[PDB]
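Enquirer: Chains as they are written, first to last, in our numbering: chain A, 1 to 17; chain B, 18 to 439. Dumping the structure here so I can ask a few things about it.
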Amino acid sequence: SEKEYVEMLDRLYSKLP
Amino acid sequence: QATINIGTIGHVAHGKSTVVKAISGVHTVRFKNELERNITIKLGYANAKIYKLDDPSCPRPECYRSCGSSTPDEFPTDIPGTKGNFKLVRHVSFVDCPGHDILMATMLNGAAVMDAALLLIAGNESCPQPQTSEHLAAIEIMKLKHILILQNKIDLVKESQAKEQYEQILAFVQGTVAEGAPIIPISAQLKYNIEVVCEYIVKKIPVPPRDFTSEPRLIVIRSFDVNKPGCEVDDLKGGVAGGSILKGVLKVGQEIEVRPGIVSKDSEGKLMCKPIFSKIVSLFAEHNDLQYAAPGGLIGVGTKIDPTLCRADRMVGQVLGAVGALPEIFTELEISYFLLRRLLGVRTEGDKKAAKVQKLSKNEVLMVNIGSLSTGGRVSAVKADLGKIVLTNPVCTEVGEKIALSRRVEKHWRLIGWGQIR
RNA sequence: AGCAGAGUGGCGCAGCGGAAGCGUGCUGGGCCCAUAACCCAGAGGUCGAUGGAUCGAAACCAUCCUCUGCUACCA
């Protein structure tokens with residue numbers, strides 16, 4: 001459930017300033 | 018053609034065109050240009066081809082690399098692979114529903130012929146946002162659970178806000194299926210994590226069992242005239258129905274009947290309706306010619322109806338059966354029903370107005386969304402588990418399935434309950 | 001997209017083979033001690049575009065250009 005979210009969150013939000 | 022219908026529903030201000038062009042490559046479009054004031058409020062259509070280089074990412078035609086154009090602030094680039102042709106996995110179809118609350122009845126209709134959905138959440142507004150719950154509940158009622166939540170607008174939304182929102186939605190919906198549905202945060206200003214979405218939609222959403230042998234039924238939702246303004250006399254054409262087929266392989270040259278009918282001249286009552294018969298000219302899907310129209314896909318069936326029925330969007334939610342279909346065309350109908358103990362689709366920061374709604378009273382007009390049809394009708398008898406409704410235009414009831422019942426709370430109708438025809 | 005309207009001086013806008021009009025500002029001067037209203041001259045012209053039939057296109061003809069509008073959306 002939230003594994004799918006957190007994996008992709010640390011993928012996404014690392015590329016933000 | 019198409020194999021599955023994934024719907025793209027999602028509340029106000031998340032951006033539709035950026036996400037829709039990334040998934041399908043086909044723009045969501047319709048009247049005004051002024052493409053929309055905010056996000057699409059029409060029932061958009063689009064198909065797409067999903068191939069692999071033997072990689073979970075989906076190529077473009079130019080499959081060496083892909084440089085976006087979403088923003089010139091930075092360059093978003095992704096790599097699907099390298100080139101030497103790619104293997105076709107399937108042809109997918111989308112159903113872009115309205116993203117605005119007033120258009121709820123239309124959103125219901127369009128939704129009711131999909132095989133899966135994508136809940137486009139926006140992090141800008143309230144955490145347990147009205148429409149997210151509205152959508153989710155309707156989906157579990159119709160007969161679907163193949164949902165992939167997509168956090169579509171978290172580009173400038175901080176990670177505390179966005180985390181709190183996914184938590185509150187998933188905690189409110191504690192009685193609606195959503196725990197086996199992934200939640201994929203994506204960028205819509207830099208198109209990032211799009212490649213992982215391609216892995217998800219092939220995983221969570223295979224082709225469900227489709228009944229080819231069973232009799233053809235086409236449910237038309239959109240009206241298209243191909244004669245259009247400026248037609249020549251010997252360039253005459255038929256009228257084209259944008260419908261999905263949910264049962265049976267409709268073959269070319271077959272005769273098809275539109276079953277809610279047209280009402281007989283000088284009727285003194287509410288009967289009699291007579292179905293209209295039209296021969297299938299052509300079976301067009303994607304941009305590729307076909308001789309068949311397999312179920313589980315949204316297809317443009319050109320039929321031998323004449324311009325007046327397609328000159329405007331007048332074939333929204335009509336049931337078409339091949340030919341002389343057994344389905345009854347009721348004009349007055351026996352609903353079994355139940356109500357929600359909250360008012361769905363409305364709830365704000367002050368928590369208004371999801372308070373429990375009073376019981377229905379006779380001779381009030383309510384929207385019964387039965388199938389993909391949307392008719393208005395008045396309740397003639399009102400018992401708790403037996404109401405009798407009289408409908409303005411007849412409804413072809415393919416099966417006793419489900420219904421969605423709405424009541425005019427204020428300016429427009431709002432979802433109050435559901436049930437099953439008896 | 002096809003369809004009803006328009007192409008003229010800054011603006012308003014007459015006009016049609018043997019004519020770039022008139023209204024409004026514009027600027028000078030006069031009347032009056034002086035202004036104002038007034039009067040006079042002054043000042044503002046690819047008459048969309050592309051040509052053709054022609055002794056001559058502001059006018060005929062065809063196209064293109066545009067906004068003004070239509071079934072309300074055209075796989």
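Where a beta carbon is used, it is the ideal one built from N, C-alpha and C, also for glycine.
Compare the C-alpha of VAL36 (chain B) against each of B:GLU427, B:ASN210, B:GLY319 and name the closest.
Expert: In the second sequence, the residue the question calls residue 36 (chain B) occupies position 19. Here the closest residue by C-alpha is B:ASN210.
Enquirer: Taking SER1 (chain A) as the query, report the chain B residues whose CB atoms sit under 7 Å from its CB, ordered along the chain.
Expert: Position 1 of the first sequence, counting from 1, holds the residue named residue 1 (chain A). Within 7 Å Cβ-Cβ: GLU196.
Enquirer: Counting only Cβ-Cβ distances shorter than 7 Å, please list the residues of the region 123-151 of chain B near chain A, keeping chain order.
Expert: none
Enquirer: Does the separation of the CB atoms of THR414 (chain B) and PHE355 (chain B) fall below 8 Å?
Expert: The sequence position of residue 414 (chain B) within the second sequence is 397, counting from 1. The sequence position of residue 355 (chain B) within the second sequence is 338, counting from 1. The answer is no: Cβ separation not under 8 Å.
Enquirer: State the Cα-Cα distance for the pair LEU137 (chain B) and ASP251 (chain B), rounded to the nearest angstrom.
Expert: Residue mapping note: residue 137 (chain B) aligns to position 120 of the second sequence, counting from 1. Residue mapping note: residue 251 (chain B) aligns to position 234 of the second sequence, counting from 1. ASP251 (chain B) has its alpha-carbon roughly 46 Å from the corresponding atom of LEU137 (chain B).
Enquirer: What does the Cβ neighbour count give for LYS264 (chain B), buried or exposed, with the cut at 16 atoms within 10 Å?
Expert: In the second sequence, the residue the question calls residue 264 (chain B) occupies position 247. Per the 10 Å Cβ criterion, buried.
Enquirer: Kindly list the residues whose CB is nearer than 7 Å to the CB of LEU288 (chain B), restricted to its own chain and excluding five residues on each side of it in sequence; keep chain order.
Expert: Counting from one through the second sequence, the residue named residue 288 (chain B) turns up at place 271. Once the five neighbours on either side are set aside, the close Cβ partners of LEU288 (chain B) are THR348.
Enquirer: Taking the Cβ atom as the reference point for each residue, do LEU12 (chain A) and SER87 (chain B) lie within a distance shorter than 8 Å?
Expert: Counting from 1 along the first sequence, the entry for residue 12 (chain A) is found at position 12. Counting from 1 along the second sequence, the entry for residue 87 (chain B) is found at position 70. Against a cut-off of 8 Å, the Cβ pair of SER87 (chain B) and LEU12 (chain A) comes out as no contact.
Enquirer: List the residues that DSSP assigns as beta-bridge partners of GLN271 (chain B).
Expert: Within the second sequence, residue 271 (chain B) is the residue found at index 254, counting from 1. For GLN271 (chain B), DSSP records no beta bridge to any residue.
Enquirer: Would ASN169 (chain B) count as contacting chain A if we go by Cβ distances under 8 Å?
Expert: Walking along the second sequence from the start, residue 169 (chain B) turns up at place 152. Chain A contact via Cβ: absent.
Enquirer: Taking 8 Å as the CB-CB cut-off, is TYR209 (chain B) touching chain A?
Expert: One-based indexing of the second sequence puts residue 209 (chain B) at position 192. With 8 Å as the cut-off, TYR209 (chain B) counts as an interface residue toward chain A.
Enquirer: Using a Cβ-Cβ cutoff of less than 7 Å, which residues in the same chain neighbour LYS162 (chain B) once the five nearest sequence positions on both sides are dropped?
Expert: Here residue 162 (chain B) refers to the residue found at position 145 of the second sequence. Only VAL194 meet the Cβ criterion.
Enquirer: By Cβ distance below 8 Å, which residues in the same chain neighbour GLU91 (chain B) in space, the five residues on each side in sequence not counted?
Expert: In the second sequence, the residue the question calls residue 91 (chain B) occupies position 74. Hits under 8 Å: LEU207.
Enquirer: Under the assumption that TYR68 (chain B) contacts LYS104 (chain B) (Cβ atoms under 8 Å), give the Cβ distance between them as a whole number of angstroms.
Expert: In the second sequence, residue 68 (chain B) corresponds to position 51, counting from 1. In the second sequence, residue 104 (chain B) corresponds to position 87, counting from 1. The distance from the Cβ of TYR68 (chain B) to that of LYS104 (chain B) is about 6 Å, consistent with a contact at the 8 Å cut-off.
Enquirer: Taking 8 Å as the CB-CB cut-off, is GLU415 (chain B) touching chain A?
Expert: Here residue 415 (chain B) corresponds to residue number 398 of the second sequence, with the count starting at 1. Output row for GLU415 (chain B): interface = no.
Enquirer: Does DSSP put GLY42 (chain B) in a helix, a strand or coil?
Expert: Against the second sequence, residue 42 (chain B) aligns to sequence position 25. Looking at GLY42 (chain B) - three-state DSSP - the assignment turns out to be coil, as it is neither helix nor strand.
Enquirer: Contact check, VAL385 (chain B) vs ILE433 (chain B) under 8 Å by CB: the rounded distance?
Expert: Walking along the second sequence from the start, residue 385 (chain B) turns up at place 368. Walking along the second sequence from the start, residue 433 (chain B) turns up at place 416. Actually they do not touch by this definition, with Cβ atoms about 11 Å apart.
Enquirer: If we ignore side chains and look at the alpha-carbon of each, how far apart do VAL237 (chain B) and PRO145 (chain B) end up?
Expert: Walking along the second sequence from the start, residue 237 (chain B) turns up at place 220. Walking along the second sequence from the start, residue 145 (chain B) turns up at place 128. One C-alpha to the other measures close to 34 Å.
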